[PDB]
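# Any chance you can model this:
(chains A, B, C and D, ligands or ions: 4)
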Protein chains: 4
Amino acid sequence: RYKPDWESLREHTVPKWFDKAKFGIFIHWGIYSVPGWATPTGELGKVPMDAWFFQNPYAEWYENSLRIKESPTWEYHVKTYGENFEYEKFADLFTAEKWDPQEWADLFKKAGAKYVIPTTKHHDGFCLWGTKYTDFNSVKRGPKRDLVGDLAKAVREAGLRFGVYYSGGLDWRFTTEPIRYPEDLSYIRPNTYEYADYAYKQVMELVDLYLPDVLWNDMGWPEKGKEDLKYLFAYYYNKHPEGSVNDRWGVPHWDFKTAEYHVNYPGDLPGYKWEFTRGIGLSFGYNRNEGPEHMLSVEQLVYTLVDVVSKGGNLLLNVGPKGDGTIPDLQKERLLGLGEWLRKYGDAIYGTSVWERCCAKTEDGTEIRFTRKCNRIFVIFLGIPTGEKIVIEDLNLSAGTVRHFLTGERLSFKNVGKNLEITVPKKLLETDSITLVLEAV
Amino acid sequence: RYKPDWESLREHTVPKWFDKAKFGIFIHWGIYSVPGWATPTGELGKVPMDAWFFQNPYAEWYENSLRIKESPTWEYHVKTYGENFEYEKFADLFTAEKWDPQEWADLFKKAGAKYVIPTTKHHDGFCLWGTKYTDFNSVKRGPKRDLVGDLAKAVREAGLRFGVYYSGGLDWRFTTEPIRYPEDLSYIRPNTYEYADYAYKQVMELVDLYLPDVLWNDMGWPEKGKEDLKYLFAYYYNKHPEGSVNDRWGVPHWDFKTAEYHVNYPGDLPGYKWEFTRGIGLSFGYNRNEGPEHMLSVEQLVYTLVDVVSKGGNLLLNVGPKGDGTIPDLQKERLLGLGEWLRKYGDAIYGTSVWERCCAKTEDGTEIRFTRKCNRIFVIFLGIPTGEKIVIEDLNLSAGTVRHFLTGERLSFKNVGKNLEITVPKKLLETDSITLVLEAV
Amino acid sequence: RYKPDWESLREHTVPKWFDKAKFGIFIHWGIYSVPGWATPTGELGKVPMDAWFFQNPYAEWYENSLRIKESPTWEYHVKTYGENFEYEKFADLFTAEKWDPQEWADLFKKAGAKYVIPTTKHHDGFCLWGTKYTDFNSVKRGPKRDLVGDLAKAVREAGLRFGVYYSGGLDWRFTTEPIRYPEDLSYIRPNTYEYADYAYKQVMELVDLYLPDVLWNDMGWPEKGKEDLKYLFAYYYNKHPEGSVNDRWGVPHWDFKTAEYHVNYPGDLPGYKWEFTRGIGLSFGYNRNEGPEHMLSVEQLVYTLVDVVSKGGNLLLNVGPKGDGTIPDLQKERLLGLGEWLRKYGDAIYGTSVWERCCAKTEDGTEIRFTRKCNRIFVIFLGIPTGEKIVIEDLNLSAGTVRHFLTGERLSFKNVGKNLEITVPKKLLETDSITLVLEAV
Amino acid sequence: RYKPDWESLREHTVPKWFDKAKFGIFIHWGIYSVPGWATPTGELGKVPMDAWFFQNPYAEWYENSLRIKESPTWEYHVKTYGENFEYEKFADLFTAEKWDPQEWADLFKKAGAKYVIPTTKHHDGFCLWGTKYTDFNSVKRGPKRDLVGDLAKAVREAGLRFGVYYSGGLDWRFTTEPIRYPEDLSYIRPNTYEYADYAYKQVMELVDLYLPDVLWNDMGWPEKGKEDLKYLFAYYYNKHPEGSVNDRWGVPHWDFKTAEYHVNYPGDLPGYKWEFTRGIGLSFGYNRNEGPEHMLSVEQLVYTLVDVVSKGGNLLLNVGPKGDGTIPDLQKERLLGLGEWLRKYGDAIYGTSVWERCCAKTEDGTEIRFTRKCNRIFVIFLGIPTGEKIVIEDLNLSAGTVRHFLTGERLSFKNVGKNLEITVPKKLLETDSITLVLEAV
Ligand SMILES: C[C@@H]1N[C@H](CN)[C@@H](O)[C@H](O)[C@@H]1O
Ligand SMILES: C[C@@H]1N[C@H](CN)[C@@H](O)[C@H](O)[C@@H]1O
Ligand SMILES: C[C@@H]1N[C@H](CN)[C@@H](O)[C@H](O)[C@@H]1O
Ligand SMILES: C[C@@H]1N[C@H](CN)[C@@H](O)[C@H](O)[C@@H]1O
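Numbers count the residues shown, from 1 in each chain, chains lettered A, B, ... in the order given. Ligands and ions are numbered 1, 2, ... in the order given. Right below this line is the structure:
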């Protein structure tokens, strides 16, 4: 058994299934999906933090932006919904009338994802399950439905792993003042013993009702409640050894680390398992203001996934549904495009390990990423070279046999100085889709 | 911004407005005002503590006295209200039917006060505002009115600062046993995590609804809740830099210290800002048993204010209203008398600083106090000398010019040995009211 | 860079070299090696603990035993050396006259060990390096030599890893009373801040002088110094990322766990990296009283090694040299025997991983262990069966090819029900040494 | 009496003498003054921190730099003094052969400084007084003299205040590894209880032997000794109420805050007392590599002083003497230049307070700073305008009288819109030295 102390909990390491999964789907869905609006300012890590909360690109932070008067959100809300329409009132408009969880589960499976993590409770404190610790939840208001539960059944039916996102660090149902500057986060928090118990009780309830594969907390865990985690993590691991927790609790234990947009993104192999998360656009929650110009293209999603994976992480790509339970076409098309590349190149991604190095580039700048499966080394070009002669800078191979991944064709190569030169017939280059993939043995 | 740690909060010092205000009005008003009764035994610091709680002069401690059977209060209650009339039941008789907050605000302004602090919640735990954390409050019972709110508007309308008194340390809604000896205070306290959250939540709510100029806590802050103060004080100071807190929280920070009757009263300059508090009589809450013999006279209020001020403090003088919202004539007349002296001598009090020394006396025992305004030194006699020749013991002046404050008349003086001799024409002595005031430059 | 906090230090996991090494050599050597005497009572975990300290089989515990009057050690010592003969005096008799560090390293490399960990300081507080925090060390006393540094240089020149053992939890130079019962360990420890500093300073010193590959602490870390380990570990990992620490510090962090004789020995796959340690006999320090009846035979060492590796562990086999620095023949022969077995079967041990299960057994009781290297599964029998027909219980293989490891010869097999049947030609069974080994692909 | 608790110690505020003094002299002098060498890379706050320790402009950090092999210091040292030349050896070469404490004090009083604070012990752990806790001090080594005591006696005889600087947070006599990156500061510290005692004992010793006016700690206080400061501070204030402490202890209490070069420099009125410190050049310790290109000119010192004072701070200007105890001419000339300016404009600096605003500027870009003394407002231009017509932006005065400070001559002025227009006769503008100064009443 695991014991409730960090030294014992340290015995639990990231489960094998998570390490091999590589790709998961995040879902930021809640009453903020109804107004579904934000100023698409930029990417976290690139937007100056002196402005960020005033021009917040995260549509799920709508309530916080609403509280800052004369924030673009406040202007939009007053003209659209009125000055007398409290944020909470969106719970009545959040109906999920067109929601079909098996349809989501199928799209995620078709997209190539192996696990799904919905927001059970984001910062606004609204719970997407029939929690018994608050009436501000989807069973008592809005959908009159247990979204977390119904989605967990659908996802598991599709054979995917199901995890839960919980906002332990923030709950605007316990504060009145908005966050305007990063500094405010140091003191505008629930702060009470009451809140530390609520958060513990709610995650315990998520463990009891759905036994999730991942406990993905956000924004730290209330200080007064930190010692509780030893007990919660043991309780969880004893019911579900293959369960896993992220690194946003602020305590000694975690099974995998996280990076969000530019924030904490590794430049090379990090030495521990991690997971990169971002939305398809600049928001997590649905933003009606984003168009294709604010979103990654299929190509960029593939290069992204490849880079993350060659560095040992998983890609946790966020989908932001509308209040009605539908997934916007722009998102769906990107997911399906990724799923297509994965159906074709999945073997060089899933179940792979990192190699000695993650990266290389060709003489004319095409980036290259590596992954491994025992003796097999996959060479994944972020792009398809135009000519047949390829020169990879700073790489030698002692394999004696390099093949073209898709066809299996054995190819001609040789170590030329500090480089590796290979000839790939144009007929093969023409068969690859977004990436030229080679396999060295 | 202020950060939630004592080292950062230390940057906040007493606001300039508070330091210059000199005089404020305390208001102990609540359901204890209805029975409005106590044995006027004596002054805190003079009554032996082995008897104090059994013959409590603080009428606001009525409930605690009621719980000690065979306490004079218990005898009075049973004969007047009956053995079956619970203390809580007074909330139904507390109607404030004759209450006029603008009338109070005007009396306080006329009295010369610059800030007003009502009891939002005293030890009996009854809240004079529509708090959402208890139904034992003035909006749900008694007046069916938000007294703190309506009084805050009235006081601000009169141009005075508004602060709030909160009993963080005691709440008899969380205990059953009475305090009989000082020792009991060490353990008869709410004690729960629940109470530490309630107190934090209620002061946060007072900050949110009324943004007070002073947070005047009493009886210490619950131990389990002490770390919360770093967050509460930062939250408060960031919303209201010019806000201020007293020294009864039991934590590193405070903006000004307090003395109550004889307790902690400085004998000379203390080196930090402080505030002296007391009722006009021996109680804070209305005591129908006090007559003029238990109250300070206008003269004694003036000497009091002068002494406090010459030592760097403010006088926080308590008014105890009746259950109907009226202020007893004996109190009102003393307030107005003080206001009259202040209209005349205000310039030697308001906005002043301490001098090198606070005190001196005349050859025949008249006490003298000093205050300052840059180069101007005010010499305030606690009384009006009979003869024209005045000899101040142990004082020399290097001003070359001493005037009679009221008229401006230049007077004749000279340093005679270790003394200062001055001649004040009887026509001038006859114009002064309760104090001879001289001005040296 | 690792930061000095548990959450950050958790980013460091057991290094690859340690995971792949499988076999290392422990060396308990010090002044207790001079008397080299204990009553070989039995194995830790089997001998009742109410008798253990009184008849301690760990010869390195001689001083503690000596402190227990009329314990077999007391009597032996008084009869051999006399009552006017303090334990410390052995420091002067510890001359290591015949020590040859390169011979030790040649021997351990021949035995098949990939790392060596000598006792730099055992419970008696005698230090084997020229420490500057105590004069009770090998440079000042006895050998007049830096034993730790000289062995480190030889071990590393032989191509092996070098770690250090340090008794952080016990130091008899700071106590006077012996440990008589397990409970005594809870209060009879140095206990002072002075000792906490000393232990911190000496491990830091080992790190700065030798930068070891393993920091092997024993008996917990002084409670007063536990917070220091956050800094010590970050400082160490920042200078040597491939460095490692065991799990006897009593803090949140460790890279691998440990089991001693029967204590904490896993019966199955534990799920984290660990290391098994024990003496070739029943003691760690040299014991002239042990005969071959008290030691493991080469066959049992092989079986011990295999069991350990199949379960994900490393064997840290202890060698106990004499005071003159020679390794007793009984131990050298067993080391060589194991080295020989490893020279034949090494490929199925070094660099392997655990399989789905660690263990099986034939229909006739022969135990089997499994190890893995990608698609290759090693089937290691703990013995060599007599008949060519072998029936393994409760096992089915989906390999389609099962070879005899040493010869590489393809073997006939089929899954018969819930069993696996293999025919091993007598010629092949005769080729194997202590273990029949098969390889499935 | 102050009690040893933060709430009580908070009763002590910055003393009047320190608030009124405005200008003091810092002295970084020790054995590092002998090599007196650094690469004058730039100012702290501008030089990237990933290069700063490798090209440290603080010559007093010589030992740390020397510990970084092939850092410009390492190379310089090996070429000048050799590889067989330990840093400690400079202690013997530090002879202060030409030191004359009264000459130093005469110089600082001429410069206009009101207090002097020498380094009693910098990061290298060398002590400049006959401490009894270490032999690595000036009485036993090099000068054979109590530098701290002798300078204290001379400074005080010159009529100035005397404080002491102590490196509580760093002492390289307890570490071996150099600081290479800012992060290293989080774990490379003495860390022991022994060090916490030593630091406590030495500051106590400074207090008992010299009763300094300022306790200037640097680099935080050892975590294990932070609770000791409650006692140290009470003990100190009880012996010397006018004593003071800076804000580099990392505990709740401090009397004034600090800013170093660009680090923590306020752009406006901070609201608490503070002190700015920096070298005349880019180093604190003497650096023979600095020329006048690396130093502030007399004009910039004046401007620095004014900016600081207008914002409520004091300037603690650092002087870096040579190993022989003489102050380099480049520094002595700038000290004298500033002293001259202070002899003319002192009345607008010493004893002043901040005004409503610290700053303004003319229509043509000349910066202006304000200071106050009761009803007098000093308008200090950072330069001397060329034209007699001066237009100050965004300022209106209700004084009715504006004089030219040096001559006292009444000037013509009027508020023109949102500006202030003054005519300063060319004769007067020519009388001023580095700053045009006006006085409004
Ligand atoms: C995955 C993202 N995490 C951030 C907190 N860093 C959230 O604020 C954001 O809304 C989203 O949930
Ligand atoms: C101002 C006074 N403070 C005391 C606590 N010392 C209270 O017990 C009393 O009722 C009144 O509120
Ligand atoms: C490896 C062994 N560890 C035990 C501590 N349980 C020691 O008591 C013993 O001396 C030996 O060092
Ligand atoms: C005044 C300056 N303080 C810094 C510490 N930040 C020191 O590193 C430097 O040597 C000098 O003493």
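# ok, now how distant is the nearest residue to residue A:215 once chain neighbours are set aside from chain B?
Leaving aside its sequence neighbours, residue A:215 sits nearest to residue A:245 (C-beta to C-beta, 6 or more residues apart in numbering or on different chains; 4.6 Å). Bear in mind the C-beta positions are built from the backbone N, C-alpha and C, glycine included. Per C-beta to the nearest C-beta, to the nearest Å, residue A:245 is found 26 Å from chain B.
# can you check residue A:324 too?
Residue A:324 is 34 Å from chain B, where distance means C-beta to the nearest C-beta.
# shouldn't that residue be in contact with residue A:95?
Yes - look at residue A:324 against residue A:95 with C-beta atoms under 8 Å: they come within range, at 6.8 Å.
# How about the contacts made by the residue nearest in space to the middle of chain A?
In chain A, the residue lying closest to the centroid (C-alpha atoms, centre = their mean) is residue A:316, at 2.4 Å. By C-beta atoms under 8 Å, 6 or more residues apart in numbering or on different chains, the residues touching residue A:316 are A:24-26, A:117, A:258, A:275-277.
# Could you tell me which of these belong to strands?
A:24-26, A:117, A:258, A:275-277 (DSSP state E).
# And whichever residue of the stretch 301-441 of chain A sits closest to chain C, how far from residue A:342?
In the stretch 301-441 of chain A, the residue that lies nearest chain C is residue A:374 (4.1 Å; C-beta to the nearest C-beta). Here residue A:374 is placed at a distance of 21 Å from residue A:342 (C-beta to C-beta, to the nearest Å).
# more neighbours, the two?
residue A:342 (21 against 12; other C-beta atoms under 10 Å in any protein chain shown).
# Now the more buried one: phi and psi?
Recorded main-chain torsions at residue A:342 are phi -70, psi -30, according to degrees, to the nearest 10.
# That one is in contact with residue A:110, isn't it?
No - in this structure residue A:342 lies outside contact range of residue A:110 using C-beta under 8 Å: 9.6 Å.
# Next, give me the two most distant ones among the ones in strands among the contacts of residue A:316.
A:25 and A:258 (15.3 Å; C-beta to C-beta).
# These two: which is more packed in?
Taking neighbours as other C-beta under 10 Å, residue A:25 and residue A:258 compare with residue A:25 leading, 25 against 19.
# Please parse chain A into its domains.
A:1-350, A:351-441 (curated CATH domains).
# Save the ones you listed as TSV, and put in distance to residue D:307 too.
Compiled in TSV, these are given as follows (distance: least, C-beta to C-beta, whole Å):
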stretch	distance to residue D:307
domain A:1-350	24
domain A:351-441	49
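# any idea which element residue A:385 lies in?
For residue A:385, there is no enclosing helix or strand under DSSP states H and E.
# ok, it - contacts?
Neighbours of residue A:385 in contact, by C-beta under 8 Å, 6+ apart: A:362, A:366, A:424, A:429, A:436.
# do residue A:289 as well
Taking C-beta under 8 Å, 6+ apart, we find residue A:289 in contact with A:37-40.
# of those, closest to residue D:146?
residue A:39 (66.3 Å).
# Verify the stated contact: that closest one with residue A:62.
No - counting by C-beta under 8 Å, residue A:39 stays clear of residue A:62, with 11.2 Å between them.
# hey, what's residue A:279 bridged with?
residue A:318 (DSSP bridges).
# My guess is it contacts residue A:38. True?
No - checked against C-beta under 8 Å, the pair residue A:279 and residue A:38 is beyond contact range at 10.7 Å.
# so what's the nearest residue to residue A:296 once chain neighbours are set aside up against?
Excluding the flanking residues, the one nearest residue A:296 by C-beta to C-beta, 6+ apart is residue A:280, at 6.1 Å. Residues counted as contacts of residue A:280 (C-beta under 8 Å, 6+ apart) are A:295-296, A:301, A:317-320, A:330-331, A:334-335.
# Same check on residue A:246?
Contacts for residue A:246 (C-beta under 8 Å, 6+ apart) come out as A:214-217, A:254-258, A:275.
# same thing but 10 Å
The contact partners of residue A:246, taken as C-beta atoms under 10 Å, 6 or more residues apart in numbering or on different chains, are A:117, A:163, A:165, A:214-218, A:254-258, A:274-275, A:277, A:316.
# got it, and residue A:437?
Residue A:437 touches A:306, A:344-345, A:347-349, A:371, A:378-381, A:384, A:403-406, counting by C-beta under 10 Å, 6+ apart.
# run the last query once more with 7 Å
When contacts are counted by C-beta atoms under 7 Å, 6 or more residues apart in numbering or on different chains, residue A:437 touches A:345, A:348, A:378-380, A:405-406.
# Can you tell me which of the residues you listed end up in strands?
The members of the contacts of residue A:437 that map onto strands under DSSP E are A:378-380.
# could you flag which of the residues you listed are buried?
A:378-380 (16 or more other C-beta atoms under 10 Å in any protein chain shown).
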